[PDB]
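Trainee: First the structure, which I've put down as C-alpha cells, then a few questions once you've had a look.
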Amino acid sequence: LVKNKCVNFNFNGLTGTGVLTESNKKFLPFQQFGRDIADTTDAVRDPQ
Amino acid sequence: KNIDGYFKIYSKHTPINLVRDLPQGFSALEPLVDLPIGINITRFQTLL
C-alpha cells in the first residue's frame, strides 16, 4: 500500500485510480466502500 | 431473502418492553450473512 501518491489501484475488485490517504471516516463492520453525493467511490477500507 | 444464489440475512437484537406488539420506533438491519447456496425457497417454517 502506498499513500499520498497517485496510483492506480484495485481493492477487492473495486478498482479506480486515486490518491489513497488516511481518513477519519468511521465505516461499518460490513461496510465495504464509501461513496458520495455524486455517487462516486470515495473512501475505502483496506481489506487486509 | 433469496436473490442470485444468495439467501441473505440481516438482524438486530434490541431491548424493548412491550408484551403485545412490535414497538414503534426505527432501527434498521445490517447484514450478518450471505449464503451462496442456490436453493429455491418457496416456503419455510420456524422451529422451537
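Quick grid of which residues meet (1) more than 14 Å from every other protein chain (Cβ to nearest Cβ); (2) within 14 Å of the chain's Cα centre (by Cα); (3) farther than 29 Å from A:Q32 by Cβ:
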| position | (1), (2), (3) |
| --- | --- |
| B:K1 | yes, yes, no |
| B:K8 | no, yes, no |
| B:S11 | no, yes, no |
| B:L18 | yes, no, yes |
| B:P23 | yes, no, yes |
| B:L32 | no, yes, no |
| B:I37 | yes, no, no |
| B:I41 | yes, no, no |
| B:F44 | yes, yes, no |
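Trainee: Output yes when any residue across the stretch A:14-28 is within 14 Å of chain B (Cβ to nearest Cβ) and not in a strand (DSSP E or B), and no when none is.
Mentor: Within the stretch A:14-28 (the criterion being within 14 Å of chain B (Cβ to nearest Cβ) and not in a strand (DSSP E or B)), the answer is yes, since at least one residue qualifies.
Here's the yes/no breakdown for (1) surrounded by 10 or more Cβ atoms within 10 Å (Cβ to Cβ); (2) under 28 Å from B:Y10 (Cβ atoms):
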site: A:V2; (1), (2): no, no
site: A:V7; (1), (2): yes, no
site: A:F11; (1), (2): yes, yes
site: A:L14; (1), (2): yes, yes
site: A:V19; (1), (2): yes, no
site: A:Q31; (1), (2): yes, yes
site: A:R35; (1), (2): yes, yes
site: A:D46; (1), (2): no, yes
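Readers should treat all values here as calculations from the given coordinates under stated rules, not as data from a laboratory. Cβ sites come from the backbone with ideal geometry, for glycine too, and all protein chains shown count toward neighbours.
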